[PDB]
Every structure is written in structure tokens, then in C-alpha cells.
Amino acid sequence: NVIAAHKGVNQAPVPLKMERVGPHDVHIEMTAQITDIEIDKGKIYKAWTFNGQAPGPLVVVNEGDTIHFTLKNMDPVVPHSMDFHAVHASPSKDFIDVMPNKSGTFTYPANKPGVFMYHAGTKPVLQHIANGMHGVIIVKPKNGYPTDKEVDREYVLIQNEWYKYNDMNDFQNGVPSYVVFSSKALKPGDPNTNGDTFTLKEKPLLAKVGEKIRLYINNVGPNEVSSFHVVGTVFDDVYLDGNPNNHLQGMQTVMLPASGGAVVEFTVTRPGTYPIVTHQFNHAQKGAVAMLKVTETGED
């Protein structure tokens, strides 16, 4: 199922290019590209990606920012596109395909705070998402979250599935072969990883005893819902889709639809390693367990 023009193609990852161009305007450039990713040990997936990552690179903007987004398509044969769930846009004008070896620029506002999925909008969308063209954009609320002052440390986690390679029958009728977490960096020194079964087990996220941790999370699917849970704690506060108004307290587990996001906050009271799972345990067994290592210093 590897089309002829993708055989042997492995386009090196490139950094996200993003810069502020006004008090409420930002530029973002990504590149659709075909990149080999090791999704499980010994298992390479020649992913359809933004910038050579799957999920793609994290985007963070402020509520009220207009995004002037450029997609460069490095794929030699397949068109690609971008749909940000954060934005108000005309899908048939603003989320349209960019042909191989071309670029397109689209402009649209991010009016709403939260933790939004982004993904390719090219038909069949299932094929583009399943092959790796998904990611998260965070829109920071102008008025913050009411618990901001309580948070000591924060990370981003994303859940996705992987199927048999570029197999539309499997994508629409089969169980996922792997379900995985990745983490995308918010600040210098944070890990930045791809959706695989092992990295966040072997290189756990780090925290310090007694801290309140915030996670910005999204389940990008393509197909499954997520029962998000941190072992050994309870979520003090949850904001559904990251909108400050959608405020729950004391949740053991947060139900995320496909493309669903949340801001979750919890306290780690003792040193140790804390697993992070989807509690749909078939998916956890197939890769969807990350680890948080809590030490007396917060360093390894």
C-alpha cells in the first residue's frame, strides 16, 4: 500500500516556523511531508505528516489571534490541506488542498480558548488522519483559567491510533493496531515526541513531589474515544475542550470524543512513577500508557 512515488521517501523533519506579526496576528508555516516514524519497536510507518512529526508540531496562539497559515506541500503526488478546529473559516475556501510542490496561504481567526485538534481536510479525511496528519493547536484564554495560580508545571499530551499501513479497509473496519501518546513541547527543555508505544515509558515526563500538574490533552483519533486517567491521583479541576467555563472538579477519568480536548489538573503527593492511560484497556495494552516520574527535586 506504499504508492510508487513514496517508495524510499523519508523527508527529514523541519522545525515549525511561526512569528507574531501584530498584536492579534500571527504567521505560521508548515510543510506536508512523508516521513518514516518508528511507532513501535521495529515498526516503521511512512507517515503523512506536518513537518515530519506525527502528531504534528504544537501550535500555541492567544485568544483573538488571526492566523495567516501557509502550507508547503513536499509530497510528490498527494494533495494535502489544513483544518484547524480552533478557527472560524469557510471550509471550501480556507481548508482547501495544496497540490504537490505548491504552497497555499489561508487566513482565519482563533476566537475561542481551548485545546483544539488540527488535521488535513483532504478527502478521504480518514485516510489523511490515520496516516498521521493530525495535531493540536492551543488557544490561550485572554482571562486565563481560575486555577492558573495553583499550577506548578504543565505538559501537552496527545492520543492517536495507528492502523495497517495506508489500508482504507482497516482504517474504516478494523481495530487499531497501536494506540499511543505523544508529548509536544510548551517551553524549552520539554520533551517533543511522536505517537509511539514506548518513548514516554522509557523517558517519562518529570515532576516534583507535591506539585499540581496541568495537562493540555486531545484525543485526535481517528476513530476511538478516550477514557483519560492518571493513576494515583484524581483530577482536581477539568476544563472541557479547554474552555474555562466548562469546569468540572474531582474527576477520576475524563471522557474525550474523537478530536476532544481538555485541560486537566491534578496533584502528585508522593515520589514514584505514575502511569497515564486511556482506561479503555485494550488501547492501553496496545501502547497507550505514558509515565510521569515524580521525584523529590523534579529532576531525573
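In case it trips you up, residue 1 is the first one in the sequence shown, and so on.
According to the PDB record, 189-197 carries the higher mean C-alpha B-factor of the two stretches 80-88 and 189-197. For the pair 203-211 and 178-186, the mean B factor over Cα atoms is greater in 203-211. Comparing the C-alpha B-factors of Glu29, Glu38, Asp241, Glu265 in the entry, the top value falls on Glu29. Highest C-alpha temperature factor among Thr253, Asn245, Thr233, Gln53 per the entry: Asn245. Per the PDB record, residue ranking by Cα B-factor puts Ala290 in the middle third of the chain. Per-chain ranking of the deposited C-alpha B factor places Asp75 in the highest third. Residue-level temperature factors show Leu157 in the lowest third of its chain, judged at the C-alpha atom.
Residue-level temperature factors show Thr273 in the highest third of its chain, judged at the C-alpha atom.
Ranked by Cα temperature factor within the chain, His279 sits in the lowest third according to the deposited record.
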